[PDB]
S.K.: 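Next up is a structure, given as structure tokens.
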Protein chains: 2
Amino acid sequence: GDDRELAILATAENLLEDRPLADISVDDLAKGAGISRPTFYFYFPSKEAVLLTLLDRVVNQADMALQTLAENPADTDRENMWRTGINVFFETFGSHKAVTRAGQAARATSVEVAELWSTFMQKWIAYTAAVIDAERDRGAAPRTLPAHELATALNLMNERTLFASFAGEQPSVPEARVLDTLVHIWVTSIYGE
Amino acid sequence: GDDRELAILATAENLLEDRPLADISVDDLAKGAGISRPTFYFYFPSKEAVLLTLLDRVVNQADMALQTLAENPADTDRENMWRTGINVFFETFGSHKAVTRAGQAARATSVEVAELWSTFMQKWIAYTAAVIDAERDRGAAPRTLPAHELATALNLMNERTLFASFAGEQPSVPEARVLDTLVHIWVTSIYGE
Ligand SMILES: Clc1ccc(Nc2nc(-c3ccccn3)cs2)nc1
Ligand SMILES: Clc1ccc(Nc2nc(-c3ccccn3)cs2)nc1
């Protein structure tokens, strides 16, 4: 039951490490999961639905980790607060690079994947803006740009920069440098001038 | 001769305003250019080659405008220097939104488009880093992050943020706010702390 669905998902994630979604067949997923092709279609309508489910799990994992931080403030300086938050995405998506790469690609071809990513980006931007606003209200950050516009650009920077780093794109920031790089830009732009 | 090639390119750019590359046929391009389909294949091997040529023209237009600025420093403050440079990309790609949108999409499917974008991004990042380094050498900017890593993240931010704005993505910064937003983040991260 749920065991076969999890086996399909585990097989898909393992196969996406080696090749793109277009090079993986339903029979590959069925075979790796130890089921027949018709049995696969009982659990998922398509291989694209499998990827959507994998990406949904990863994005909710990051979202739930961010929620945990939001409820449990670590006792540190403001730079460390932003670093701990950015690290949720660095660690969560960096621990699932194949699903990250395949899910970002599927945004062009799947409206459900595009809508999933858009929904969570809006949530993460709204949370970023709310924290910036709280920093301004307590007098720690200056009232410069509209907080929601600043939050939008910073979150889009992280999306593009983290995923370029994980994919080894040229150009990209080395993965071992990308957290420090992003934290610097967030802290200087939120607290500067 | 060159007149027919330009007619194909003009037709392609006009049609990309209304639909994606996948919804445009060679006969559409031939018909719009006033030539036959076989005559089209004398000038371009495919509709994808037409898009590659259009994107090549746009990216070289931006690159040449940046080169013009690099030779002719405007007499202003440091914030205005970065704003004038970012504006080259805002105006050039924003004046060709359809080719911008279609070219970015083709990066996934065309190695020549991916290599074209990568080559110019590397050039623009190297120039950004060189200007940051010159600002540090003259004592105007602090020695914080490695200049090339900072330049990489800032250029990737601009790519993602400008193109989200032009496409009206959710989420995106409004087009009328995106230049101010990017300039703030560049100036604070280059000169801050
Ligand atoms: Cl891929 C991707 C997509 C969105 C984001 N957004 C982020 N928001 C935060 C954050 C941290 C603390 C408080 C508020 N927000 C850190 S990173 N980051 C990476
Ligand atoms: Cl889409 C895209 C791609 C790359 C960039 N990079 C940029 N470099 C500059 C710049 C300006 C002055 C001096 C050095 N660099 C401004 S914007 N911007 C938008």
Side-chain angles (χ1 to χ4, degrees), chain A residues 58-59 62-63 65-67 69-70 73-74 78 80-94 100 103-104 117 120-135 151-166 171 178-179 182-183 186 190, chain B residues 58-59 62-63 65-67 69-70 73-74 78 80-94 100 103-104 117 120-135 151-166 171 178-179 182-183 186 190:
Chain A
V58 177
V59 304
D63 194 57
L66 190 62
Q67 178 51 34
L69 273 183
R78 64 208 196 177
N80 204 67
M81 170 183 84
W82 295 105
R83 176 181 303 272
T84 305
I86 297 173
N87 187 61
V88 164
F89 293 86
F90 179 70
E91 287 291 335
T92 299
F93 289 104
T100 297
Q104 291 302 303
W117 190 252
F120 277 85
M121 287 293 288
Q122 291 177 73
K123 185 178 185 176
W124 296 332
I125 288 167
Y127 180 63
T128 299
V131 177
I132 296 175
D133 279 330
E135 290 292 87
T152 298
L154 291 177
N155 275 247
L156 290 175
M157 172 181 65
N158 285 12
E159 173 193 310
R160 184 67 185 99
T161 304
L162 288 173
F163 298 165
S165 293
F166 295 155
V178 71
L179 185 58
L182 297 174
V183 173
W186 279 58
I190 291 170
Chain B
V58 177
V59 304
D63 194 57
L66 190 62
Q67 178 51 34
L69 273 183
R78 64 208 196 177
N80 204 67
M81 170 183 84
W82 295 105
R83 176 181 303 272
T84 305
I86 297 173
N87 187 61
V88 164
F89 293 86
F90 179 70
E91 287 291 335
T92 299
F93 289 104
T100 297
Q104 291 302 303
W117 190 252
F120 277 85
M121 287 293 288
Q122 291 177 73
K123 185 178 185 176
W124 296 332
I125 288 167
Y127 180 63
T128 299
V131 177
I132 296 175
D133 279 330
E135 290 292 87
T152 298
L154 291 177
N155 275 247
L156 290 175
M157 172 181 65
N158 285 12
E159 173 193 310
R160 184 67 185 99
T161 304
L162 288 173
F163 298 165
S165 293
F166 295 155
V178 71
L179 185 58
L182 297 174
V183 173
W186 279 58
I190 291 170

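Both ligands and their constituent atoms are indexed starting at 1 by order of listing. Atom set for the values below is all heavy atoms of this structure, side chains included, hydrogens, waters and symmetry mates excluded. Note on naming: letters A, B, ... go to the chains in the order of the sequence lines (proteins, then strands), and numbering restarts at 1 for each one.
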S.K.: How about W186(B) and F89(B): are their ring centres within less than 6.0 Å of each other?
M.R.: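 No, the ring centres sit 6.0 Å or more apart.
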S.K.: What residue and heavy atom of the protein are closest to atom 15 (N) of ligand 2, and at what distance?
M.R.: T128(B) OG1, 3.2 Å
S.K.: Which ligand 2 atoms, with their elements, are less than 4.0 angstrom from a heavy-atom of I86(B)?
M.R.: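 Going through ligand 2 atom by atom, the ones under 4.0 Å from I86(B) are 16 (C), 17 (S).
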S.K.: Against ligand 1, does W186(A) come closer than 4.0 Å with any heavy atom?
M.R.: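 It does; at least one heavy atom falls under 4.0 Å.
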S.K.: Using heavy atoms and a 4.0 Å limit, tell me yes or no: is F163(B) in contact with ligand 2?
M.R.: yes
S.K.: Where is the tightest heavy-atom contact between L156(A) and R160(B), given as atom of each residue plus distance?
M.R.: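 Closest heavy-atom pair between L156(A) and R160(B): O-CG, 3.6 Å.
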S.K.: Please name the pair of heavy atoms, one in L182(B) and one in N158(B), separated by the smallest distance, quoted to 0.1 Å.
M.R.: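 For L182(B) and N158(B), the tightest heavy-atom pair comes out as CD2-OD1, 3.5 Å.
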S.K.: Is the shortest heavy-atom distance from the side chain of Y127(B) to the side chain of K123(B) under 4.5 Å?
M.R.: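 No - every pair of side-chain heavy atoms lies 4.5 Å or more apart.
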S.K.: For atom 17 (S) of ligand 1, which of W82(A), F166(A), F89(A) has the closest heavy atom?
M.R.: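 Comparing heavy atoms across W82(A), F166(A), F89(A), the nearest one to atom 17 (S) of ligand 1 lies in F89(A).
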S.K.: What protein heavy atom sits nearest atom 13 (C) of ligand 1, and how far off is it?
M.R.: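 For this ligand atom, the closest protein heavy atom is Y127(A) CE2, 3.4 Å.
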S.K.: Select the closest option to atom 3 (C) of ligand 1 among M81(A), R83(A), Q104(A), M121(A), judged by heavy-atom distance.
M.R.: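 That would be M121(A).
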S.K.: Need the ligand 2 atom indices (1-based, order shown) with element for anything under 4.0 Å from a heavy-atom of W124(B).
M.R.: 3 (C), 4 (C)
S.K.: Checking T128(B) side chain against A151(B) main chain: does a donor-acceptor pair fall under 3.5 Å?
M.R.: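 No; zero donor-acceptor contacts below 3.5 Å.
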S.K.: How far is atom 6 (N) of ligand 1 from its nearest protein heavy atom, and which residue and atom name does that atom have?
M.R.: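 I find the closest protein heavy atom is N155(A) OD1, 2.5 Å.
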S.K.: What I'd like to find out is whether the side chain of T161(B) reaches to under 4.5 Å of the side chain of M157(A), using heavy atoms alone.
M.R.: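 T161(B) does not reach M157(A) side chain to side chain.
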S.K.: Starting from atom 11 (C) of ligand 1, locate the nearest protein heavy atom and write down its residue, its atom name and how far away it is, to 0.1 Å.
M.R.: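 Result: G85(A) CA, 3.6 Å.
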S.K.: Which atom names give the shortest non-hydrogen contact between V178(B) and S165(B), and what distance separates them?
M.R.: CG2-OG, 3.5 Å
